[PDB]
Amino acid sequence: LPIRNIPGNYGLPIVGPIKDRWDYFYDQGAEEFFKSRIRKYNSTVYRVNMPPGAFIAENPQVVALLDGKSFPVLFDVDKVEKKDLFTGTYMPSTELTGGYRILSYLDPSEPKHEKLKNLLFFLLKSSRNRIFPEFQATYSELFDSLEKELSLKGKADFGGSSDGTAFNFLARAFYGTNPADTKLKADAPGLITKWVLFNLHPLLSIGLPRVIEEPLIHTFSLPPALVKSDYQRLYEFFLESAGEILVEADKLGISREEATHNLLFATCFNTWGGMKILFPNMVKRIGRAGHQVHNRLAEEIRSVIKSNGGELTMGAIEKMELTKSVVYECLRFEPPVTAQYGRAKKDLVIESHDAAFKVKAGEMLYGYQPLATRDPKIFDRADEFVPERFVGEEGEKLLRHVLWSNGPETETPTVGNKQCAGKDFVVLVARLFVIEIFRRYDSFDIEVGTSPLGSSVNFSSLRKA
């Protein structure tokens, strides 16, 4: 390929980054922010300023990688450093996380990265026999509540009940603990939401006027002191509930305190936060796919479960071709976590589709994942939600281009990489979610809005089997 100069610029000091931030949040929105510049520069690789800049991030300057050929450099731990960039060009105060740099912020070259990631692998494996029954019990109660609410109101707010369900499910599956039996009671979703906001506010908009938002959430960090007491309630829950897991932390040579802050983070931030975005998005996209698709899913799911003597098992799920494909298509079409960063460790030559580009050691690389996973040079019908996309031998080959987990779907998270520790768990619970819906309902209708993190979604009809 021809070597091209990386197009784009960072504009004026102070003023450049602020105007780019306004485009990003207000005047364009993330997707059009990136696409308008792809068009202008005639390039899927270019220089751009990223939020938050201001007083929160020291340096907003990045090289953006916006196609599925260039983007995977962000996975290569010999090319990029992945230290302290889980949230991008700033890092939330460690006062938010017990004074520890949590696993998500650690480069694989750090010894505690290996230890802590092994801890989470153990958490997931040891939970294996609890996931099915706890999912089916907690989500059954959720759909019961949504039916109740639909009968009362003519619509049922999915997110408003599902956030509690997801936390209860995780507490029961991971720690064999019902939060209703503890001091947390039903307060966890509110506590976690505030704490996550204190971490992520510089990257988020709530729809308030920019005159209010800019000074209040985009310029300076919210003080961690204001969420410390909330965080302490969560910590005491994890400390008291995670006994069996803490035994393994002891064996791995991790302090009880460090282990507990890490379990809190993986459970509340990575898992529950991830599910908070993913599940409503799934309900939205599957809802939009239409009743013929719903009927095909119901037919497949019910037939397979019947073939399996009414027992839902991992092997039965493997028979559910359309179900597996629809889950992968949700993750392709709308990756729940869209921003991945990496700092070049050495001089690199990054190949796009039609040119190569040279980046210097120390440059911050950034990828907006939906542009890599909806890349029309990789996927046909790239901007269409295609339920059956991954069905069959040929469809399955395309999984190497599904990147939700911060690596190819065909690859395995390891202590040597920064791929999502919960990769297999997420795909499993997403499948269980679709299964639970269509074993109960023939089809459904939705009403939808936006949310700081993804979508808000109401059911307006739930057609029982």
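From 1 onward, residues are counted along the sequence shown.
Given 177-185 and 365-373, the range whose Cα B-factors average higher in the PDB entry
Stretch with the higher mean C-alpha B-factor: 177-185.
Per the record, averaged over C-alpha atoms, which has the higher B-factor: 209-217 or 304-312?
So the stretch with the higher mean C-alpha B-factor is 209-217.
What's the residue among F135, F71, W272, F158 with the greatest CA temperature factor in the PDB record?
Of the candidates given, the C-alpha B-factor peaks at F158.
For the listed residues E147, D84, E258, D230, which one has the largest C-alpha B-factor as given in the deposited model?
Checking the PDB record, the top C-alpha B-factor among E147, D84, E258, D230 is at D230.
Modelled-residue ranking by C-alpha temperature factor, third containing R101:
For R101, the deposited C-alpha B-factor lands in the middle third.
For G53, does the deposited CA B-factor place it in the lowest, middle or highest third of the chain?
According to the entry, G53 has a C-alpha B-factor in the chain's highest third.
When the modelled residues of the chain are sorted by Cα temperature factor, does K360 land in the lowest, middle or highest third?
Highest third - that is where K360 ends up once the chain's C-alpha B-factors are sorted.
Relative to the other modelled residues of the same chain, rank the CA B-factor of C268 and answer lowest, middle or highest third.
Lowest third, going by the recorded CA B-factors of the chain.
Would you check the entry's CA temperature factor for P2 and let me know if it's in the chain's lowest, middle or highest third?
Highest third - that is where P2 ends up once the chain's C-alpha B-factors are sorted.
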